[PDB]
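This report concerns only the one structure given below.
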Amino acid sequence: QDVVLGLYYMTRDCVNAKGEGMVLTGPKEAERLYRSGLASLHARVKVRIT
Amino acid sequence: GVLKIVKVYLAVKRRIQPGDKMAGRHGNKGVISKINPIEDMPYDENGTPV
Amino acid sequence: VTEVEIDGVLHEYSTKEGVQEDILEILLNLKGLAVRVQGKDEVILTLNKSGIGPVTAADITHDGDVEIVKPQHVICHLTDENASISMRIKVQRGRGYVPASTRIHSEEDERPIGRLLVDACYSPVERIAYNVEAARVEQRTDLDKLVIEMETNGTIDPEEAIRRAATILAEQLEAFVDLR
Amino acid sequence: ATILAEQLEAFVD
Amino acid sequence: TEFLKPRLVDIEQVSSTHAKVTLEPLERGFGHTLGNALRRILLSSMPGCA
Amino acid sequence: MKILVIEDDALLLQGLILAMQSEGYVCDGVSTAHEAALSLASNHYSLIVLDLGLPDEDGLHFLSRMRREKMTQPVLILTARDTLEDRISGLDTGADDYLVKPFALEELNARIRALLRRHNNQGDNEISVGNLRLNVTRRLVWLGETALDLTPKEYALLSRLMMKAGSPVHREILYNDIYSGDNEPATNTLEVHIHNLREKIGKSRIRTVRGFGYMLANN
Amino acid sequence: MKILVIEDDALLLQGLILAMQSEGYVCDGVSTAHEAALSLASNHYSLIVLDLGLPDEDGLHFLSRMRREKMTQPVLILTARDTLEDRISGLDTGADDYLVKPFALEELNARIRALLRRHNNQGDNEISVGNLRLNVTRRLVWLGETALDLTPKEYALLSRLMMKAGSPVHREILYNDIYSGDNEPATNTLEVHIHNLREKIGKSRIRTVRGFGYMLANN
Amino acid sequence: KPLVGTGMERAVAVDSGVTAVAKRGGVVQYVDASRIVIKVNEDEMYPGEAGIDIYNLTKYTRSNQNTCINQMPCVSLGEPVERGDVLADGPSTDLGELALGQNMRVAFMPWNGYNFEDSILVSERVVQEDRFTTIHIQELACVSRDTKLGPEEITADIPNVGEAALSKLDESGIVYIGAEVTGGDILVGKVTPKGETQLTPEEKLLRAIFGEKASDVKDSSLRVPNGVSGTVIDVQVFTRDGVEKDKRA
Amino acid sequence: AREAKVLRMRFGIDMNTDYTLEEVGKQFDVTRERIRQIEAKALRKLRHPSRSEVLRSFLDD
C-alpha cells in the first residue's frame, strides 16, 4: 500500500515540469538529474536504454 | 493455616518502546514501530520537528 | 542533573510534609535545570530552604565555578512555616540522552536507599533552523550565506557550539580523506 | 572529503 | 571527547571504475550526515573536463 | 576508645593527645609507669601506647609486668628502638605492633584501628532456654551448674530442639538430623534417644505432640 | 597451626615454606588466587601471608571478598608497596599487620608469632591450665616445674588443646592442624599422637569425646 | 488537557469521584502534597462545628489494573474556593478536565516504511520528555503457612544464598522501603521445613567427600518476577491474633 | 583401582546397590576397618583443590 503509492508517484508524468524534453544518456544520469534538483521526478524526457 | 502474610508493593515506571499500542479518539490504532532520533524527524521551516 | 538526594526521603513515589509537590514533580522540575560547570566534570550542589514560598534555582548554594543561567526556575514550593527542604543535587557532564535505567544497569555499585536517580538529557541545543540567503560580493553573485538560528538552554555559547560541530565533522571526514 | 574538510577548516578552530 | 573513529572494512571493487565502500561503525545518526554530505559534494561540485 | 598514652617528650605527648582526641579517642597521656599502672587499675582501657626509653625502670619491664597480671590488651609499642633484634625482643616480649620514630599520624591511627578491631569482634553464641544453656560453638551443654554430658546422637537432638525454642519440631526433621545422609533402621531409634535425653535434662521437659514430633518447652 | 602463604614468586614461596616448617608450623603454598580461595574453602587455616603481587587479581579485592565472607583469620601482608597511603589502605581493608619488602625472616617469624598469640591465645604469652604451663612464644611446656621433651606434632596438638581451653576441638581441626595439606597419611595417627601426648602428660588431662575429637580438662 | 475536546470533559472528571471536589466554599488554609485543609466561609458554616474541611488526597495506590491512582492538589495556599470546585486532580485529570492522553505534533505523510499498515513513527523528543511514561504499581504477596513438616518461617537466613542477595533484606527478612529491586532479587526470605531428600549415590559421594550435608530447610522466598524492575514503596504485614509479631511487623 | 572400586560400592555410583562397610569388607576379604581407612583416604584426596576443582563447583549451585 505504501510501496505501491511510491511506485505510482514516481512512475507518473506532467505536462510541463523541470527538465521537459531533454535527452539523457541513460538511467544513471536521470537519477543524477533528479538528485541534483535539476529535473522533476516525473517530467517527460528521452532516455537511451539498453 | 496462614500464620502471616507479607505484601510488597513494587512500582514500575514504564516508558514508550516499539510495540506499545497507541491510538487517538477516532478509532485509529497503531503499534509504535521506531523511536526515531530527534534530528531525523521531518522539520518545519523554523526547524521545529514533528 | 543526574542524581538527587533529599533529606528523609526514601523513594520518589513519596511526599514531604509542607511541600506542595510530590518528589516525582520535584525530579521533573530538576531535569530542566540549566547549569554550566566551568572547570570540573561533575559537581554536587546543595539546596537548603525553609519557610513559605517558592524554592527556585536561585537558592542553590553556588559553587565558585557553577553558573545557573536561569535562577528563576522554580524547583518546588513550601507551604508550611516549619517546612524545610535540604537536597544534594549531582550535576554531571555528557552528551545525548542517557536514561536512568541504562545507568543503573551499567552500574553494579549499590547506592544507598535514598539516592534518587534522575534521567539525564545532557544536550543543550533545543531547536535549530537555517536559511541559505544570497550573499553580496563584488563579482561573485552566485555565492551564498548560511544563517543558523539556534535556540538553547543558555549553557552553550553559539560560536563555541558551531566550532564543536565543525570539529566533529572534520574529525569524522578524516576516514574518507585518508582513505584506508 | 578533502573539499568538505577544507570548508570546515576555515571554521573549525 | 574524540567520538567514534570508524574502520573502513570493505573496498569491493566490482569493476575498474565501480566500487562499494563499507565503513563501520559510526555514532548513531552519522551515517546519514556523512553519506549525504559526500553524495551532495560528489554530485554537484567535483571538477572535471567535459 | 580508651587510650593510655605513655611517652617522655612533652611536645610529642601533646601531639599524640591532640591527634587521637580529634579522631575521637579518650586520651590519658602521662609519663611514669606508676601513674600508668594506677590508671590501668582504676579505668578499663582498650589500647595502650608505650615507649621503651622510659625515665623510670624500662618500658619492657612495664610490659612484662602487665603480662604477669594477664593484661591481654593491645599494646601498640611506640618506641625509638630500631635494631631488628630489639624489634624481635619487643614483639616476643609481648608487643603487638611496632612503629619507629618518626612516624606519620595516619599510619599510627590505621594501626590503632586494626589492633582494636582485632581484640574485639570475638563473640560466642549462647542458646539459653530456662536453665539449660548451649554454647553451640563450644559443644558445651549446661544444666544449671553441672555441665551436661551427652552422646553424639543425643547432643544433635538437643541442639535442634533448643534452636527452635518452643516450636514443635516435626519428627522427620530430627529423624534426618540424627542419620544425616544415612539410612535409618526400622526401629524406634528416635524415641529411645529422646528417652535418654529426657532423663538427662529432667524427665518431662521435651513434650510429645502426637504424630507431629516433639517440642522443647520454652518454660 | 597451619599457615597459608599465597605468594607468587616460586623461590620466595619455597623459602617462606621452609622457614615456617623450621619454625614448627606446617604450611602450604599457593600462587593463583583462585587456587588460594579453593584451598581456603576446603581446609581450615589460621594465618594468611597475603602477597599483593598476584598474577590473577591484586590481593586487596581478595581481602575484601574474604572479609565479606567472614574470614576471622589474621592476615600479614608481604608486599613491596611502600606508598604510605597504600599501606593504610591495606590495613583498613583488613590487613592486621603489614610487612614491607625487603623483610627479614626472623622479623617475619616474630610478627607471625605475635599475631597468632593475640588471636588464638587471647594475647597471653603463657597458657596456665593446672600444673601445665605453656609458653607458646618460647615453644616451652612445663609439667609442674620440670621441662618436657615434646615432639613437633605432640607440641602442636597440646598447643591447640590448651588454647581452646575446656572446649572440645573437632577431630578434623586437629588433623589439619598437625598435617600439612600435602602430606596426609592413610592410617590411625591422630589417635597415636594423642596417646603419646597422654603418656608424656598423664591420662587425666586429655579427655576423650567420642565423635567430636578431644578435650583438655580444666576442672 | 486536550486542546480540542467536546466540553464534556469537566463533567466526566468531576462526576467520577477521581478528583477531590470541595464540600463547601471557603478559603484554602493549608495545601500539601497529601492534604488540603480549607476553612469554610462564615455563612456556609453550621453553628456548632469548627468549619474546617480536611481532604486527605490518596497518594500512589494500585488500581484494579495495576496502574497508579494518585491525586495532586491543584489549588494554592490562601486562595478562595466555592462549593463544587476541584481541589485535587485525579490520575487522569488536569485542572478539573479529563485528560486521557497527550497532544503532540502529528504530520500525515509516509516515512520510509515505518508507518506501514497502522505502524506509528514516534520521535525521540517524546521519549526524552517522559510524556507517555506511566507508573505501574504492583502487588506481590508471601504467605507463611503451617505444613505437615512444621510452620514455615519468614527469616533473613536463607540457605544456599550469599550476603549479596541478603544485602537488601532487613533483619526480619523483609525488604526495606525504597529498595530498588530487579528481577530475581529476594523480597522476603521464607524457608519451609524440608524432609529426607532421596539423592543419587553420586550426590552421596559428593557430600561425603567435601563433607557438606544440605540443610533440612528448603527456601521458598518471594522474589521479584523475572523481567521486572521497580522500587518497593510499601510493605504490609498481616499476622494472626495469637502469633508473635516479628521485629519489622 | 582399589580406592575407586570401594568408593563406588560404598556410596553406589553406577553400582547395583550401596554396599555398606560390612558388605564391602566382605567383598575384598578384609574383616576390619581397612575399608574405613581407605574411604577416608579417598574422600580426603578428592577435597584437595588441585585434584577437584570442577566437581567442587556444583556443590554451591
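The analysis underlying the following values was restricted to heavy atoms, covering all of them including side chains, and did not include hydrogens, waters or symmetry mates. Below, chain A is the first sequence line, B the second, and so on; all start at residue 1.
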Out of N121(F), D97(F), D96(F), return the one with the most heavy atom pairs under 4.5 angstrom to chain G.
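Of the candidates given, the most pairs with chain G belong to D96(F).
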Spell out, as yes or no, whether a donor-acceptor pair under 3.5 Å connects the side chain of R117(F) to the backbone of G94(G).
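Answer holds: no.
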Is the number of heavy atoms from other residues, nucleotides or ligands under 6.0 Å of [X] [atom1] greater than 12?
| X | atom1 | result |
| --- | --- | --- |
| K70(F) | NZ | no |
| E85(F) | CD | no |
| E57(F) | CD | yes |
| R67(G) | CZ | yes |
| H34(F) | NE2 | no |

Among residues 127-165 of chain F, those lying within the under-4.5 Å heavy-atom range of chain G are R138(F), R139(F), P152(F)
Close approach to chain G in residues 20-30 of chain F, criterion heavy atom under 4.5 Å
none
Restricting to non-hydrogen atoms, name the atom on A114(G) and the atom on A95(F) that form the minimum distance, rounded to 0.1 Å.
CB-O, 4.0 Å
Side-chain touch [X]/[Y], heavy atoms, less than 4.5 angstrom:
| X | Y | result |
| --- | --- | --- |
| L91(F) | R111(G) | yes |
| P74(G) | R118(F) | no |
| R87(G) | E107(F) | yes |

Measuring heavy-atom distances to chain F, does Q122(G) have an atom under 4.5 Å in its side chain, in its backbone, in both, or in neither?
backbone
Given a strict heavy-atom distance threshold of 4.5 Å, which part of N125(G) is in contact with chain F: side chain, backbone, both, or neither?
side chain
Tell me which donor-acceptor pairs under 3.5 Å the side chains of residues 175-189 of chain F have, and how far apart each pair is, sequence neighbours excluded?
from    : atom 1 : to      : atom 2 : distance (Å)
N176(F) : OD1    : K213(H) : NZ     : 3.1
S180(F) : OG     : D177(F) : O      : 2.8

Test of understanding: with side chain to side chain contact (heavy atoms under 4.5 Å, CB included), list the residues that count as partners of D92(G), not counting sequence neighbours.
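Partners of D92(G) by the side chain to side chain contact (heavy atoms under 4.5 Å, CB included) criterion, ordered by chain and then number, come out as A110(F), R113(F), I88(G).
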Tell me which of these, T72(G), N109(G), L115(G), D124(G), has more heavy-atom pairs under 4.5 Å with chain F than the rest.
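If we count pairs closer than 4.5 Å to chain F, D124(G) comes out on top.
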